[PDB]
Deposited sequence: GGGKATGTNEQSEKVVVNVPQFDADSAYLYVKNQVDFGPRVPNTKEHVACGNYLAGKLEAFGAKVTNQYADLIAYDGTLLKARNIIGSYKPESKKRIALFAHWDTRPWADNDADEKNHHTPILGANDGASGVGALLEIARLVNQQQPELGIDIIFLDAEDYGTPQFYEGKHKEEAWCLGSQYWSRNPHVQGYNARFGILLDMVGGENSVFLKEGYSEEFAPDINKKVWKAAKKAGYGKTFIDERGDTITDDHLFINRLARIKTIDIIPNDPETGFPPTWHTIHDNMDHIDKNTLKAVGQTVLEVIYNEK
């Protein structure tokens, strides 16, 4: 039996906190620039071959976003690969806040942004120390969360979201890129979260959902990964499935956590035990692929 490393939730939690400590990671801000440098630096320290994808992405309102997708690759020559995704930007508006006064205020995005990234940094650390059989790509996607605000009077186009993933899906970081499958982590740090099988994931990658939920159960996380269909959610994996044609699932809580797109999406609501359940399940999956 392959040795599956132990996900260190304390370290993952640190990596979440480190991102949040920059402040909001809103595209076109200095805090976003600084955190991108931190993330690329950490991947490089953890033995990844780092590729940066800088792109001028146009937001719903015409704003040019100076975006940066960050890719860290392990065993880059291997043609048998697994892609692991998380968005790293944070939403510029707390547009679901209970107080209307807060609807134009940027969120810290501890869960929505930092959590997936922090879990994947811990996975990168472990992959470097003991390489799985398959090549692993860690892909931090920018400009996911700049989609039309709720307070905007006008069209709310689906494609206003997930700008970095649309770009990456149309413009792979290496010519002829392919992966066997992908896993997207979105909001994987919240206290008490549970995860159901997401709808587009079921549509495009049902065998990958089966693989992940079976691994979760075997790893002791069957109360966190509930074997039931949940909601259909627009997220980066929709665009990866449609445009890149890589079978990709989303690990995302079931509605959204109460902190979503509020000013309360901060470290107070992050529980390292949620990070552990999700992270350990991902390790179980990627190390057992042949």
Extract from the deposited sequence all ranges with no corresponding C-alpha coordinates, numbering residues from 1.
-> 1-15, 270-273
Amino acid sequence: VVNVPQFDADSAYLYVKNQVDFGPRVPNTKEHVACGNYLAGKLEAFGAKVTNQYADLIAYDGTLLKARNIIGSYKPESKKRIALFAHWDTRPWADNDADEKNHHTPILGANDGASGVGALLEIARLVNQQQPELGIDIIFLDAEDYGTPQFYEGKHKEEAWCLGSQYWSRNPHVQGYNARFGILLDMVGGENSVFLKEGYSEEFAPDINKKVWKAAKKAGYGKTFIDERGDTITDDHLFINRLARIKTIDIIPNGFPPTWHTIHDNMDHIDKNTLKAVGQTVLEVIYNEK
From here on, numbers count along this sequence of modelled residues.
Entry-level comparison of average CA B-factors, 256-264 and 35-43, reporting the higher stretch = 256-264
The stretch whose C-alpha atoms carry the larger average B-factor in the entry, 190-198 or 153-161, is 153-161
C-alpha B-factor winner, where the candidates are 87, 173, 81, 170 = 173
Among 49, 229, 237, 66 - the residue whose C-alpha B-factor is largest in the record = 229
According to the PDB entry, is the CA B factor of residue 56 in the bottom, middle or top third of its chain, that is, lowest, middle or highest?
-> middle
Relative to the other modelled residues of the same chain, rank the CA B-factor of residue 128 and answer lowest, middle or highest third.
-> middle
Once the chain's modelled residues are ordered by C-alpha B factor and cut into thirds, is residue 281 in the lowest, middle or highest one?
-> lowest
Would you mind ranking residue 179 by its C-alpha B-factor against the rest of the chain and naming the third, lowest, middle or highest?
-> middle
Can you tell me which third, lowest, middle or highest, the CA B-factor of residue 92 falls into for its chain?
-> highest
